[PDB]
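Reading through the structure tokens given below for one structure.
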Amino acid sequence: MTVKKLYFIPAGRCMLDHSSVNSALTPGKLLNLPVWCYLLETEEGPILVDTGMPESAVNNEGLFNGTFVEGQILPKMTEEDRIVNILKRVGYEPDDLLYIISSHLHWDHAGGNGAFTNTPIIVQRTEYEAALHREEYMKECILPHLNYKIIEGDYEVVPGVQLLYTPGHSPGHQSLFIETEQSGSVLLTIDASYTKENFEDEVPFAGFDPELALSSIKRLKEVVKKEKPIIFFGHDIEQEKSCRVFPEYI
Ligand SMILES: [Zn+2]
Ligand SMILES: [Zn+2]
């Protein structure tokens, strides 16, 4: 009826311009932001939420040189941050997992998806379809022959694990509402808000459709008023300071 453990697992980092967390801002200063994956230990088995950055980012800050985001995005990833290595340390191999949940298919959330060729990968149909053609999607993030479990809208993965459709930051972005044994209700916004102020204060941030992102935030706020969860944001360096991370769980 509840998830036994929820682990916050650091998966490397990334430098972005600060206008990414506040659209109104003028570019110049850099921000070293956390990249996260999460692992859920459940009665039915372990579930991994997101898979970190692509192998091409390892020891390669200059990954995006040449492209349309040169200098605006610098991955900070070492060999330890490869998702397979992360799992090996938590104590699993890819084929051990019950499901992978892709919040969305941006490079910092699905770069490791290719490592999982048997596990069903739960992703929104609108995200998948967008990844097939929009330019912000890397080939590592859409590989054609993985075992996708394509869903549309809200969805219960296993008891205590609910996906909430929250498009806007990307066309098919989804957040998680989790009931854990130790903490009760937890809302993982993922990138439906990078920071606490994108959420509470509705400050605009990096995204595909800000009108949609705002209505997804208002939808999450209705949920919060009802369930009163503890809430964790997608890329928030102030909140990161106090987050209990692996090997602690919540
Ligand atoms: Zn994203
Ligand atoms: Zn992200």
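Identifiers in this document derive from the order of the structure tokens: chains are assigned A, B, ..., residues are numbered from 1 separately in each chain, and ligands are numbered from 1 in order of occurrence.
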
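Environment of ligand 1, defined as every protein or nucleic acid residue with an atom within 10 Å of it and counting only C-alpha atoms and all ligand atoms, comprises residues 103, 104, 105, 106, 107, 108, 109, 110, 136, 168, 169, 170, 173, 190, 191, 192, 193, 194, 206, 207, 208, 234 and 235 of chain A.
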
Neighbours of range 120-131 of chain A within 6 Å (only C-alpha atoms; same-chain residues fewer than 4 positions away dropped), as a PDB file with N, CA, C and O atoms, in the first residue's frame?
ATOM      1  N   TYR A  99      10.458  -1.368 -13.487  1.00  0.00           N
ATOM      2  CA  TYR A  99      10.160  -0.369 -14.521  1.00  0.00           C
ATOM      3  C   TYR A  99      11.215   0.727 -14.479  1.00  0.00           C
ATOM      4  O   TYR A  99      11.846   0.962 -13.425  1.00  0.00           O
ATOM      5  N   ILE A 100      11.358   1.423 -15.611  1.00  0.00           N
ATOM      6  CA  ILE A 100      11.972   2.746 -15.625  1.00  0.00           C
ATOM      7  C   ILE A 100      10.838   3.715 -15.876  1.00  0.00           C
ATOM      8  O   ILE A 100       9.971   3.428 -16.681  1.00  0.00           O
ATOM      9  N   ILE A 101      10.830   4.854 -15.188  1.00  0.00           N
ATOM     10  CA  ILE A 101       9.856   5.907 -15.425  1.00  0.00           C
ATOM     11  C   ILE A 101      10.666   7.072 -16.007  1.00  0.00           C
ATOM     12  O   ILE A 101      11.604   7.554 -15.359  1.00  0.00           O
ATOM     13  N   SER A 102      10.320   7.529 -17.213  1.00  0.00           N
ATOM     14  CA  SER A 102      10.935   8.724 -17.768  1.00  0.00           C
ATOM     15  C   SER A 102      10.042   9.916 -17.530  1.00  0.00           C
ATOM     16  O   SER A 102       8.982  10.052 -18.186  1.00  0.00           O
ATOM     17  N   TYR A 137      16.036  17.119 -28.616  1.00  0.00           N
ATOM     18  CA  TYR A 137      16.217  15.711 -28.212  1.00  0.00           C
ATOM     19  C   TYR A 137      17.418  15.018 -28.854  1.00  0.00           C
ATOM     20  O   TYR A 137      17.560  14.970 -30.081  1.00  0.00           O
ATOM     21  N   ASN A 147      12.048  -1.161 -24.954  1.00  0.00           N
ATOM     22  CA  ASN A 147      10.708  -1.677 -24.594  1.00  0.00           C
ATOM     23  C   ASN A 147       9.840  -0.566 -23.985  1.00  0.00           C
ATOM     24  O   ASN A 147       9.592  -0.518 -22.773  1.00  0.00           O
ATOM     25  N   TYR A 148       9.429   0.384 -24.788  1.00  0.00           N
ATOM     26  CA  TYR A 148       8.608   1.479 -24.256  1.00  0.00           C
ATOM     27  C   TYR A 148       7.214   1.006 -23.838  1.00  0.00           C
ATOM     28  O   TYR A 148       6.547   0.239 -24.563  1.00  0.00           O
ATOM     29  N   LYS A 149       6.777   1.508 -22.692  1.00  0.00           N
ATOM     30  CA  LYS A 149       5.431   1.362 -22.215  1.00  0.00           C
ATOM     31  C   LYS A 149       4.835   2.778 -22.308  1.00  0.00           C
ATOM     32  O   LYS A 149       5.024   3.642 -21.426  1.00  0.00           O
ATOM     33  N   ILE A 150       4.154   3.028 -23.414  1.00  0.00           N
ATOM     34  CA  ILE A 150       3.769   4.392 -23.738  1.00  0.00           C
ATOM     35  C   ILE A 150       2.369   4.639 -23.096  1.00  0.00           C
ATOM     36  O   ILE A 150       1.441   3.843 -23.324  1.00  0.00           O
ATOM     37  N   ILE A 151       2.230   5.695 -22.286  1.00  0.00           N
ATOM     38  CA  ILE A 151       0.967   5.948 -21.594  1.00  0.00           C
ATOM     39  C   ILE A 151       0.437   7.283 -22.020  1.00  0.00           C
ATOM     40  O   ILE A 151       1.149   8.040 -22.656  1.00  0.00           O
ATOM     41  N   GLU A 152      -0.831   7.588 -21.699  1.00  0.00           N
ATOM     42  CA  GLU A 152      -1.395   8.886 -22.057  1.00  0.00           C
ATOM     43  C   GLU A 152      -2.201   9.434 -20.891  1.00  0.00           C
ATOM     44  O   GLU A 152      -3.308   8.946 -20.620  1.00  0.00           O
ATOM     45  N   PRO A 171       6.783  18.636 -23.985  1.00  0.00           N
ATOM     46  CA  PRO A 171       5.402  18.417 -24.415  1.00  0.00           C
ATOM     47  C   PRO A 171       4.696  17.299 -23.658  1.00  0.00           C
ATOM     48  O   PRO A 171       3.441  17.326 -23.564  1.00  0.00           O
ATOM     49  N   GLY A 172       5.458  16.343 -23.113  1.00  0.00           N
ATOM     50  CA  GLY A 172       4.837  15.226 -22.416  1.00  0.00           C
ATOM     51  C   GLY A 172       5.396  15.009 -20.999  1.00  0.00           C
ATOM     52  O   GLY A 172       5.435  13.894 -20.499  1.00  0.00           O
TER      53      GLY A 172
END

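If only C-alpha atoms are the atoms counted, then among A:167, A:204, A:52, A:34 the closest residue to residue 237 in chain A is A:34.
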
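Residues in contact with range 65-69 of chain A at 12 Å, where only C-alpha atoms are counted and same-chain residues fewer than 2 positions away are skipped, are listed as residues 15, 16, 17, 57, 60, 61, 62, 63, 71, 72, 73, 74, 75, 135, 136 and 138 of chain A.
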
Residue neighbourhood range 89-95 of chain A, 7 Å, only C-alpha atoms, exclusion window fewer than 5 positions, as an mmCIF file with N, CA and C atoms, in the first residue's frame:
data_model
loop_
_atom_site.group_PDB
_atom_site.id
_atom_site.type_symbol
_atom_site.label_atom_id
_atom_site.label_comp_id
_atom_site.auth_asym_id
_atom_site.auth_seq_id
_atom_site.Cartn_x
_atom_site.Cartn_y
_atom_site.Cartn_z
ATOM 1 N N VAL A 84 24.542 2.944 -15.141
ATOM 2 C CA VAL A 84 24.831 1.543 -14.800
ATOM 3 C C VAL A 84 25.704 1.457 -13.536
ATOM 4 N N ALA A 115 20.780 1.787 -21.837
ATOM 5 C CA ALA A 115 21.282 0.697 -21.004
ATOM 6 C C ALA A 115 20.185 -0.303 -20.627
ATOM 7 N N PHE A 116 18.917 0.085 -20.768
ATOM 8 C CA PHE A 116 17.817 -0.783 -20.344
ATOM 9 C C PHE A 116 17.061 -1.305 -21.558
ATOM 10 N N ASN A 118 15.456 -4.391 -21.784
ATOM 11 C CA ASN A 118 14.365 -5.317 -21.456
ATOM 12 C C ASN A 118 13.271 -4.686 -20.592
ATOM 13 N N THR A 119 13.690 -3.885 -19.623
ATOM 14 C CA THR A 119 12.767 -3.214 -18.696
ATOM 15 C C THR A 119 11.791 -2.306 -19.446
#
